[PDB]
Amino acid sequence: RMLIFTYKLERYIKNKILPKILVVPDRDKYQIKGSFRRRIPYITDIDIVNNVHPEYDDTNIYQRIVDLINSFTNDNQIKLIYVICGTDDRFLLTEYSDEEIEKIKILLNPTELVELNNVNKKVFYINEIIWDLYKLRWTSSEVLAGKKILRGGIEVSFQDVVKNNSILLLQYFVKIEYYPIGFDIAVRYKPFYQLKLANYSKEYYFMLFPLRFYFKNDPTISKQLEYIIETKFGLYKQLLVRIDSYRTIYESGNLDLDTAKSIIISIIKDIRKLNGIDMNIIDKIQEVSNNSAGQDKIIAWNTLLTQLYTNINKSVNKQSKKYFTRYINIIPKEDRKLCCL
Ligand SMILES: [Mg+2]
Ligand SMILES: [Mn+2]
Ligand SMILES: [Mn+2]
């Protein structure tokens, strides 16, 4: 039932999906990156680099994206949510006490902003707010229209953006089996922070990731860490990503009831395989599915998935603390300070 890696699935992806969503389908012109390249058992998403020059360049890449978009209009399995290309430099801060001020005029909610101006490495929640504003995320209709309106009413055109950039990102969601899966395609048409243990509070599961990088060239330890992260706790991570998929699709304004329901159904089934979960959250989700309807249901679910998200994090971090302490103690105290760069 669950979406697990198999070669039947990989072949289906490479044969039936990729030729449809890639700018250049030729196998020699694309590379699979990230977790899918490692063929992790609990598939989360697919990351791909598409090197399309000289086949495609500044002068014809737009029309090829238009072709892709149009080919999907009547395809219920594939949706191109965002085309990411360009930046809005007005949100290019210099992180100076005076920089910030000059941007508030174009923000709506700077309470959240001032509610975390408190206090040098917390630029993380600053960029966490303005990232979507700095990086231009084009919708399909904005791409087809060929123009985009920015905050404050500033006008921008897609052709200008491609001419001033070397790469664009296609953000797809694809219904592979029972629910949507993210496909991120980095399209190159012209010729990191989460690795520091210092930037973590006590998210012990995610703090294993810097450790895995540290021990990447140690066979015995890298196998153990890979097993722990990807198999023992693999489903915890997959469920977090799957909840992010709901959120992302919903926030973009493209989640219909049928898709929301398929996601919620898959989560209810799989959540029972986990340990330490407040199953009351699950019961609350079922009661929504019973006494709400249409959009109100989608919204109520979104709200409840947020609690569930928190709960899953809490649980996996708790069950992970010992594996962290174990492997961190393998590193010398002098070096364990600034793991791992
Ligand atoms: Mg579609
Ligand atoms: Mn990935
Ligand atoms: Mn991705």
Side-chain angles (χ1 to χ4, degrees), residues 2-5 9-10 13-14 16-23 30-50 64-85 128 131-132 135 137-145 167-188 192-195 205-206 208-210 212-213 216 226 229-231 233-260 262-263:
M2 297 185 300
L3 184 66
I4 307 293
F5 187 97
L9 185 55
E10 185 185 330
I13 291 178
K14 293 173 151 180
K16 306 307 177 183
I17 304 303
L18 297 192
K20 195 133 52 179
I21 70 177
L22 290 172
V23 172
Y30 81 77
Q31 194 110 58
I32 301 180
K33 304 295 181 187
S35 66
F36 189 63
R37 169 181 46 182
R38 289 182 287 121
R39 300 178 161 93
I40 62 171
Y42 294 97
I43 301 180
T44 55
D45 66 309
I46 289 74
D47 298 332
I48 292 188
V49 170
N50 206 16
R64 171 58 177 163
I65 302 308
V66 165
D67 294 7
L68 280 173
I69 296 180
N70 287 145
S71 71
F72 296 143
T73 307
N74 301 122
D75 195 342
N76 189 250
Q77 179 184 46
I78 299 178
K79 201 181 295 292
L80 176 54
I81 298 296
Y82 296 123
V83 172
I84 306 182
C85 191
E128 181 250 336
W131 184 236
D132 298 327
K135 305 298 289 183
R137 309 194 297 187
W138 298 67
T139 59
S140 286
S141 65
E142 289 176 353
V143 170
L144 293 180
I167 178 192
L168 61 83
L169 182 72
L170 303 175
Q171 285 188 333
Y172 289 98
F173 278 91
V174 177
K175 192 192 177 185
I176 296 179
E177 288 177 5
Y178 295 86
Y179 60 79
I181 298 299
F183 282 72
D184 294 330
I185 315 304
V187 180
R188 196 203 315 271
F192 58 101
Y193 177 100
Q194 302 278 59
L195 289 180
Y205 174 67
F206 294 97
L208 292 175
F209 288 64
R212 180 171 60 180
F213 181 86
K216 85 237 269 301
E226 186 76 349
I229 298 173
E230 305 297 354
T231 296
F233 300 115
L235 184 50
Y236 294 80
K237 168 158 59 70
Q238 194 198 59
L239 279 175
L240 294 177
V241 172
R242 290 160 53 178
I243 291 169
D244 282 331
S245 295
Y246 190 107
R247 290 164 161 186
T248 296
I249 301 173
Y250 171 75
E251 295 173 1
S252 79
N254 290 287
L255 190 61
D256 65 347
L257 178 54
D258 162 70
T259 300
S262 74
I263 287 176

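Just so it is clear, the values below take in all heavy atoms, side chains as well, and ignore hydrogens, waters and symmetry mates. All residue numbers refer to positions in the sequence shown, counting from 1. Order of listing sets the numbers, starting from 1, for every ligand and every atom in it.
With a cut-off of 2.8 Å, the Mg ion (ligand 1) has no N, O or S atom of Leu80 in range. Put simply, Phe72 gets within reach of the Mg ion (ligand 1), with an N, O or S atom under 2.8 Å from it.
If you look at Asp75 and ask which of its N, O or S atoms sits nearest the Mg ion (ligand 1), the answer is O. Of all the N, O or S atoms in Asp47, the one closest to the Mn ion (ligand 2) is OD2.
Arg64 and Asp67 are not joined by a salt bridge, as no carboxylate oxygen comes within less than 4.0 angstrom of a charged side-chain nitrogen. At a threshold of 4.0 Å, the pair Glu142-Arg137 does not count as salt-bridged, since none of the basic side-chain nitrogens sits closer than that to a carboxylate oxygen.
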- side-chain contact (heavy atoms from CB on, under 4.5 Å) between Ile176 and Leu9, intermediate numbers included: CA-CA 9 Å; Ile176 296 179; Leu9 185 55; 3.6 Å; yes
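Checked by atom type and distance alone, the side chain of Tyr172 pairs as donor or acceptor with a backbone atom of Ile21 at under 3.5 Å. The backbone N or O of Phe5 sits nowhere less than 3.5 Å from a side-chain atom of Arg39 that would complete a donor-acceptor pair.
An angle of 130° is found at the Mn ion (ligand 3) between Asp184 atom OD2 and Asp45 atom OD2, rounded to 10°.
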